[PDB]
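Peer 1: Protein chains in written order, with UniProt numbering: chain D, 2 to 268; chain Z, 2 to 268; chain G, 2 to 268; chain A, 2 to 268; chain H, 2 to 268.
So that we are looking at the same thing, I have put the structure below in structure tokens.
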Amino acid sequence: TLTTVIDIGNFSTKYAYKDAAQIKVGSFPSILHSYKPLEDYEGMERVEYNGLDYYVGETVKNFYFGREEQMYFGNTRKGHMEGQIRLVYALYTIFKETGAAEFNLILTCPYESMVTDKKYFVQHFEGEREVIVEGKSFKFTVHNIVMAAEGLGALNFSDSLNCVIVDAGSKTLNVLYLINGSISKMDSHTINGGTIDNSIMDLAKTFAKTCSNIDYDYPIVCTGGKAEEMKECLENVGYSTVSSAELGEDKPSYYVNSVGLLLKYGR
Amino acid sequence: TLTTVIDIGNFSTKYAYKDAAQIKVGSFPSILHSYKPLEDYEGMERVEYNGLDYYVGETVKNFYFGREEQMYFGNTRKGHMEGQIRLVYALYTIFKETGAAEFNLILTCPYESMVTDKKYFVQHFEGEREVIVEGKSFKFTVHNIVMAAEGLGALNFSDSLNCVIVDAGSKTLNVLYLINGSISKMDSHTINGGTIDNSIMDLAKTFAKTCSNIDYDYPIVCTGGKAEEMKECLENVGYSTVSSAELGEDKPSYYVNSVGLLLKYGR
Amino acid sequence: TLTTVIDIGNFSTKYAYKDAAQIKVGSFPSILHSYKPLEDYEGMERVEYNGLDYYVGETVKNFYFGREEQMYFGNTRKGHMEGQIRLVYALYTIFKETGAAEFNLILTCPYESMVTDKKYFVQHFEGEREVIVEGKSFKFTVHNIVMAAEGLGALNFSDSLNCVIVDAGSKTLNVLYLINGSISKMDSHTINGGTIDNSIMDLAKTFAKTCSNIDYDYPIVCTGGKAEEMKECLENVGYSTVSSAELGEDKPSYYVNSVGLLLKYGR
Amino acid sequence: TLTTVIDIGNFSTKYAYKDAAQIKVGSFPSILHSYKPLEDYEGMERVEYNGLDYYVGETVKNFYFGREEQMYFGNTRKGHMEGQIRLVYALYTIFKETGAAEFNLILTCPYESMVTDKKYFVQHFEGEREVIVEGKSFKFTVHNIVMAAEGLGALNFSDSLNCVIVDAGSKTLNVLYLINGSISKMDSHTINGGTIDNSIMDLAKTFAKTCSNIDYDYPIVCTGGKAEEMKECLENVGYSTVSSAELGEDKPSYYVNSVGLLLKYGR
Amino acid sequence: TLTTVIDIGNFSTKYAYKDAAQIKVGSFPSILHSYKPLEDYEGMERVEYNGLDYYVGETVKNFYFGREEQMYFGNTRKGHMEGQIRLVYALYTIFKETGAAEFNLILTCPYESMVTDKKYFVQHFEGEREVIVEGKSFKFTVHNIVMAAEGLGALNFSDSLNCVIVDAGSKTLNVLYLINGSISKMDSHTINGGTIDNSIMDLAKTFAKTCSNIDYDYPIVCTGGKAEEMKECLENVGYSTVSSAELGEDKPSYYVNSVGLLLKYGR
Ligand SMILES: Nc1ncnc2c1ncn2[C@@H]1O[C@H](COP(=O)(O)OP(=O)(O)O)[C@@H](O)[C@H]1O
Ligand SMILES: Nc1ncnc2c1ncn2[C@@H]1O[C@H](COP(=O)(O)OP(=O)(O)O)[C@@H](O)[C@H]1O
Ligand SMILES: Nc1ncnc2c1ncn2[C@@H]1O[C@H](COP(=O)(O)OP(=O)(O)O)[C@@H](O)[C@H]1O
Ligand SMILES: Nc1ncnc2c1ncn2[C@@H]1O[C@H](COP(=O)(O)OP(=O)(O)O)[C@@H](O)[C@H]1O
Ligand SMILES: Nc1ncnc2c1ncn2[C@@H]1O[C@H](COP(=O)(O)OP(=O)(O)O)[C@@H](O)[C@H]1O
Ligand SMILES: [Mg+2]
Ligand SMILES: [Mg+2]
Ligand SMILES: [Mg+2]
Ligand SMILES: [Mg+2]
Ligand SMILES: [Mg+2]
């Protein structure tokens, strides 16, 4: 039984798991399109789960040639009748690396939609499910789902236990105000707009307007894919003790929300 | 040559000047947004200064409809690559009332950032500058800048020369401990949080914790926009000789930091 | 029915009671903050009494990370709409040690506010009250309140019956000039400023200015948390017969105002 | 080389010196406070001597607005780590009137602390010292110190050589029983309490209790700042040959302890 | 109407009266202090008479702890604006023993101040006066005052009608040279200094210098509180027929000046 953490995003979908003492990690881009029976596709794979028939892979962006603003799920309630495909293809990708068919899912979600997502993640996933990927059917088992918060993976790489975790996402910012290893509910934002639509210098300045109950000596931990460019544009705003979370060797900044939850949670 | 005082705040930006024996005064709200070329705007005006293109006016708050916690600059180092627009539009508003193009600026700033702000206010303003407001270009001249302290305008309306000036601001409190017409540097706070985010009864009680070297018979001069509600919630704490600064006729309490510096300084 | 003495201070809140022939004693830090619903707190506890909702405990100081000068009630009229929580949580802490729900309160207060505090301590506490601590409701009974003076606990450890009790507090000094086991009202000071804000060498020298009707052979009994450092800095001023009050075994110097009133009063 | 006499008191500090045949005299108030870097002070001056940093001047009483019982050194062993500043600023004030940098100090002290004060006055003052007053450093030289008694200046204005000198001070009475131009050690009091705290009618009556080995025809010479009001309240007690010491023209009664020692001693 | 004799001294105040054939007698110590509102005094009582507010009683000496040379009125003109309180409290003490409110006062005074004291004893006491002792007001009546001499009480216990009465007092000696039951005015001394300040062996030797017109076979009657130690130190000087006056049973030597005037005068 393999306990893994799958950070379903909008630009990409990051999965992390621990087989040996090392952490094996990977991702795949979060662009999927309806079926449209094609002649001979190469860099995409057909996924069928629960009455759906979608292409997930690298070359699904070829379906959106002159309409490239339509290839990204925008700030929309992860785990729809379209967002399940990103999760069950992430389960298949782990199976192509290990051979495990019994999963303990550590899902990530924004903190505002914490108790809301249990309609869609829990009921559709009760063990002994089955996908049909590239014709070949695949059966897996998920018998417990631990729905974490999107941002807490950067807390392991925080020098202070009392900080603000800024998730410089792709369609949304997840400001997560944290006290003692615990998340304050009143002071945690979810700012719309991400690094795809907006520049970081125009996105770090909207952080300084929303979370303006923060003096400039307060610790800020930047995470997300644009983390090391986020802290270079917050220091020009005037914050001082900001530090982006850096992972180990050969793991870039967009695995921080996923790798750090593996190093902390899932007991 | 017109000597004027411009109190750049976070909720609003107050300007005061003296043409006749009277003091002509006014303000405009401190909400500005990036350009976004619009069809036909009515209650806002486009301002271009130094590679910037921002809307300043009454109806800029319509850009922040479902996101009203993003319309206010929060406690952030006045005179950025965004806060210059509030000053040069305040210069334009004076020009629409008098016709003066040579200014002597009496700027206000918090006392903690007194010697720090001279990188941004002095270097960008050296006379013969030019804005482009609503298409029509406008040229002005500023050849001396007197950077005052944010709160000293209430000192003219203080019965005692030895008092504490509490600036019940909008994003910050500027407690300014004063001895003999001079500002003590050790005992002057700058408390984060203002009347927008916090209630006054929860904000006057944080004044009693910080500036607790003050016995209850010591004079406190409340200024700012919420001044006459500030002194009604300090007397419930236990202070006795507190008195908010009242201006003349038809000038409300939020001009005290600006009008009082005109009646005292700028020689 | 348990007769106990609760010395509500500013740095801490000390409670003392007598169950066996020994005196069981304890305290908890006097830092409390508004509610702000948190995810999973560990070293703090929620207290609800009379329309209030506050966290009292060890880790409430984490709410005041970059603003550590805001965590202490400063010289402010004990028993407010915020200071009742320190008393009713002290009643709960005794209940977790004995199981008593009927209390005889020996409260301490400064001598200047002796007859003044009966608006707030008497009327809010008339027996059969109820707190809600950590969800679990708790009912107690207080049917008599003996409001003592803050400093008289050191009188039991005084070799002379005619002395000056110097309460080296945390926000205030309570100089209590005493004749024959009775408190002189004209010669009892209440000096603002304590050991948190001021150093003791700069605080013992303000004692020598105020209470300067004292010749150097007159007995001075130092109490408070900084008592044994208070007498080492009064002897450098020039006082000779000064002696800090020492308790029994395993009771430090900050219980003197509370333990000594149990050994003397509450009949 | 200028031989001068400096009567360090508690209300004021009187210096006297003789340049021409006349006596040039002056004083400055004895209120000093710790440093607290201020913006623009007017009637006070910064004094730095031997690791100290104090304000001495007229307007130092503005630091003690609601706490006016804290501005006076009370009966405390002249020449501390705070009382040296009153002496070295008195040396600076003479230098601003003459230009002398080599001093022969005639210090005054109470007779009880005659041989005791030589730890603090002699060792800290051995010539070639240096103060830093108002930024500008000042070097002086003191190579002999003649420690007189506080009261003997009134002996020159005494018609009898066998009298009692009553020093109606500010924090203390220096009754100095004198026989033949020499001071009796057994019959010289030092009564605590002065004219600041106590009224003279309640202070002259404590003289009649202590020095009650004095019949009513015995000469009493009243000195100090309240001298001519002291003799008007001793005659109501019943003393008959009491006469306050009057100086020359335009020198009030509080220079008697300082001017009279210049006219008698310092050989 | 009760005729009583009240010997106001400096160490104590002795009153004597005759209700039955016996003489009821008593005293109280002559230490009084200004008011200073105290919390709960035990062994002292508040006395208010004629705009005065003083504590008279046993424990008033606690007000003079480190200053014990200030608790005694020294040789100062009995019946001041402070010495009236000792008399009217002596009237109250008689009222607590009998219930009499109409007094015939036999006051004692030194012989030198015989005709002088009638300004203060007669005018302030004209019947129907009123004290306020311990809150409870008390009205009395004094309609004749017989001002005796301090020492004549020992004349009843003198074997010779031609003697010298030596009053070994507390602040003064009242040598009273007596011929035929009548007092010689030229040869009656009043020597300053008493048994408090001076030893008797150093006080009996000053008697031998002043009243040196006395041969050693001449009768000397020692009275006062130190009477039986006075005659033991006059016999070492060389006087032979000296005999201290001894009262009846359970009346010590300090009632002789008061009891003996009751047995002789007041007709
Ligand atoms: N598989 C990947 N390969 C390269 N860059 C990536 C990858 N995944 C994410 N990134 C970088 O991360 C940014 C997106 O941030 P990310 O945290 O992945 O968004 P989300 O919150 O949707 O996961 C992109 O701009 C991209 O530069
Ligand atoms: N132009 C205005 N019209 C009405 N109310 C105002 C105006 N400007 C300020 N106020 C009042 O003042 C408060 C803001 O305080 P203010 O001192 O103006 O903030 P700042 O320190 O940013 O200038 C607001 O809550 C508002 O009630
Ligand atoms: N619970 C505690 N644990 C350890 N030290 C304490 C505690 N409470 C007080 N002290 C000591 O006492 C000092 C504060 O003095 P205290 O008399 O408690 O202040 P207050 O007058 O506000 O009660 C602190 O500096 C601290 O060293
Ligand atoms: N510089 C001064 N100006 C006016 N009055 C003074 C001055 N110095 C002293 N006095 C008077 O003298 C009194 C204090 O007595 P003084 O002998 O100066 O005290 P100290 O013994 O401390 O020197 C004060 O009540 C004041 O009236
Ligand atoms: N009430 C008293 N109790 C005990 N001893 C007393 C009392 N009154 C006087 N004495 C003794 O008398 C002495 C004082 O002499 P006294 O004649 O009382 O003085 P005065 O002339 O002032 O009355 C004291 O030394 C004391 O020993
Ligand atoms: Mg993400
Ligand atoms: Mg403002
Ligand atoms: Mg305390
Ligand atoms: Mg003096
Ligand atoms: Mg007598």
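We treat Cβ as the ideally placed atom computed from N, Cα and C, and that holds for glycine.
(1) Can you tell me which of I32/D, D188/D, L174/D and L179/D puts its alpha carbon nearest to the alpha carbon of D203/D?
(2) I'd like to know whether the C-beta atoms of residue 1/D and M82/D end up nearer to each other than 8 angstroms.
(3) Would you say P38/G faces chain D, with C-beta separation under 8 angstroms as the test?
(4) Is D118/G close to ligand 8? I mean its beta-carbon at under 7 angstroms from any heavy atom of the ligand.
(5) Does the separation of the CB atoms of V238/Z and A209/Z fall below 8 angstroms?
(6) Along chain H, in chain order, which residues have C-beta atoms closer than 7 angstroms to that of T211/A?
(7) What does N163/D touch in chain G if you count any residue whose Cβ is under 7 angstroms from its own?
(8) Which class does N163/Z belong to by DSSP, given the choice of helix, strand or coil?
(9) State yes or no: is the beta carbon of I184/Z nearer than 8 angstroms to at least one beta carbon in chain A?
(10) Starting from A101/D, trace the beta strand (DSSP E) both ways and give me its first and last residue.
(11) To test your reading of the DSSP string, which unbroken beta strand (DSSP E) runs of 3 or more residues are found completely within the stretch 42-96 of chain D?
(12) Which runs of the beta strand (DSSP E) spanning at least 3 residues fall entirely within the stretch 152-196 of chain H, listed in chain order?
(13) Could you tell me if the beta carbon of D216/D falls within a distance shorter than 7 angstroms of some heavy atom in ligand 6?
(14) Cβ closer than 9 angstroms: which chain A residues qualify as neighbours of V26/G?
(15) Check the Cβ-Cβ distances between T207/A and every residue of chain H, and say whether any is below 8 angstroms.
(16) Is the closest heavy atom of ligand 4 to the C-beta of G84/A under 7 angstroms?
(17) Residue range of the alpha helix (DSSP H) that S259/G falls in?
(18) Would you check if there are 3 or more beta carbon pairs closer than 8 angstroms linking the stretch 107-119 of chain D to the stretch 216-235 of chain D?
(19) Could one say the Cβ of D198/H lies closer than 8 angstroms to chain B's Cβ atoms, at least one of them?
(20) In chain order, what residues of the same chain have a beta carbon less than 7 angstroms from the beta carbon of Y256/G, not counting five sequence neighbours either side?
(21) Looking at the structure shown, is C234/A part of a helix, part of a strand, or coil, going by DSSP?
(22) Mapping the DSSP letters down to three states, classify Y18/A as helix, strand or coil.
(23) Can a CB atom of chain Z be found closer than 8 angstroms to the CB of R47/G?
(24) Could you tell me which of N181/Z, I146/Z and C223/Z sits nearest to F158/Z, measuring between CA atoms?
(25) Excluding the 5 residues preceding and the 5 following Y55/H in the sequence, name in chain order all residues of the same chain whose CB lies nearer than 6 angstroms to its CB.
(26) Determine the burial state of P38/A: buried for a count of at least 16 other Cβ atoms within 10 Å of its Cβ, exposed for fewer.
(27) By the three-class DSSP mapping on this structure, what secondary structure does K140/A have?
(28) Grab me the residues of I95/G's own chain with a C-beta within less than 8 angstroms of its C-beta, minus the 5 sequence neighbours each way, in chain order.
(29) Along chain D, which residues have their Cβ under 7 angstroms away from the Cβ of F74/Z?
(30) Apart from the five residues just before and just after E129/Z, which ones in its own chain have a Cβ nearer than 6 angstroms to its Cβ?
(31) Taking C-beta pairs closer than 7 angstroms, name the residues in chain H that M231/G reaches, listed in chain order.
(32) Please list, in chain order, the chain Z residues whose beta carbon lies closer than 8 angstroms to that of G239/D.
(33) In chain order, what residues place their C-beta within less than 6 angstroms of a heavy atom belonging to ligand 9?
(34) Return helix, strand or coil for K227/D, following the three-state DSSP convention.
(35) Helix, strand or coil: how does DSSP classify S114/D here?
(36) Is it true that the CB of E70/G sits closer than 8 angstroms to the CB of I184/D?
Peer 2: The short version:
(1) On the first sequence, position 202 is the one that residue 203/D refers to. For the residues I32/D, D188/D, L174/D and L179/D, the minimum Cα distance to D203/D belongs to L174/D.
(2) Given a span of 2 to 268 for chain D in the structure shown, any question on residue 1/D remains unanswerable.
(3) As a working mapping, residue 38/G is identified with position 37 in the third sequence. Chain D, which has a Cβ nearer than 8 angstroms to the Cβ of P38/G, makes this yes.
(4) As a first step, residue 118/G is located in the third sequence; it is residue number 117 there, counting from the start. No; taking the cut-off as 7 angstroms, the Cβ of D118/G has no heavy atom of ligand 8 nearer than that.
(5) The residue given as residue 238/Z occupies position 237 in the second sequence. The residue given as residue 209/Z occupies position 208 in the second sequence. In contact: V238/Z and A209/Z (Cβ atoms closer than 8 angstroms).
(6) By one-based count along the fourth sequence, residue 211/A stands at place 210. Residues of chain H passing the Cβ test: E70 and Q71.
(7) Against the first sequence, residue 163/D aligns to sequence position 162. Near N163/D (Cβ distances below 7 angstroms), the residues of chain G are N63 and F66.
(8) Numbered from 1 along the second sequence, position 162 holds the residue referred to as residue 163/Z. DSSP places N163/Z in coil when its eight states are reduced to three.
(9) Taking the first residue of the second sequence as 1, we reach residue 184/Z at position 183. True, the Cβ-Cβ gap to chain A drops below 8 angstroms.
(10) As a working note, residue 101/D is residue 100 in the first sequence. No beta strand (DSSP E) holds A101/D; DSSP gives it neither H nor E.
(11) 45-49 and 55-58
(12) 165-169 and 173-178
(13) Residue numbering aside, residue 216/D sits at position 215 when the first sequence is read from its first letter. No; taking the cut-off as 7 angstroms, the Cβ of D216/D has no heavy atom of ligand 6 nearer than that.
(14) Mapped onto the third sequence, residue 26/G falls at position 25. The contacting residues do not exist; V26/G stays about 35 angstroms from chain A at best.
(15) Along the fourth sequence, one-based indexing puts residue 207/A at 206. True, the Cβ-Cβ gap to chain H drops below 8 angstroms.
(16) On the fourth sequence, residue 84/A is found 83 positions in, with the first residue counted as 1. It does not: the Cβ of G84/A is nowhere closer than 7 angstroms to a heavy atom of ligand 4.
(17) As a working mapping, residue 259/G is identified with position 258 in the third sequence. Segment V257 to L263, the alpha helix (DSSP H) holding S259/G.
(18) no
(19) Protein chains D, Z, G, A and H are contained in the structure displayed, whereas chain B is not.
(20) One-based indexing of the third sequence puts residue 256/G at position 255. Counting only Cβ-Cβ distances below 7 angstroms, and skipping sequence neighbours, we find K15, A17, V26 and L248.
(21) As a working mapping, residue 234/A is identified with position 233 in the fourth sequence. If DSSP states are grouped into helix, strand and coil, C234/A belongs with the helices.
(22) Translated into the one-based positions of the fourth sequence, residue 18/A becomes position 17. Strand at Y18/A.
(23) Numbered from its first residue, the third sequence carries residue 47/G at position 46. Closer than 8 angstroms: no.
(24) Residue 158/Z sits at position 157 when you count from the first residue of the second sequence. Here the closest residue by C-alpha is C223/Z.
(25) Position 54 of the fifth sequence, counted from the first residue, corresponds to residue 55/H. Only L33, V48 and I86 meet the Cβ criterion.
(26) Reading the fourth sequence from its first residue, position 37 is the one you call residue 38/A. It counts as exposed.
(27) What you label residue 140/A is simply residue 139 of the fourth sequence in a count that begins at 1. Note: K140/A maps to strand in three-state DSSP.
(28) Here residue 95/G refers to the residue found at position 94 when the third sequence is read from its first residue. The residues are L3, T5, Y16, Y18, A101 and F104.
(29) By 1-based counting over the second sequence, the position of residue 74/Z is 73. Correct list: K210.
(30) Counting from one through the second sequence, the residue named residue 129/Z turns up at place 128. Only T142 meet the Cβ criterion.
(31) Walking along the third sequence from the start, residue 231/G turns up at place 230. Under the 7 angstroms cutoff, chain H gives no residues; its nearest Cβ is about 20 angstroms from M231/G.
(32) Taking the first sequence and counting its residues from 1, one reaches residue 239/D at position 238. Per Cβ cutoff of 8 angstroms: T77 and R78.
(33) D8/A, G10/A, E151/A, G170/A and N258/A
(34) The residue labelled residue 227/D in the question sits at position 226 within the first sequence. Three-state DSSP puts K227/D in coil, outside helix and strand.
(35) Residue mapping note: residue 114/D aligns to position 113 of the first sequence, counting from 1. Helix, per DSSP.
(36) Here residue 184/D is taken as the residue at index 183 of the first sequence, counted from 1. Here residue 70/G is taken as the residue at index 69 of the third sequence, counted from 1. For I184/D and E70/G, no; Cβs fall outside 8 angstroms.
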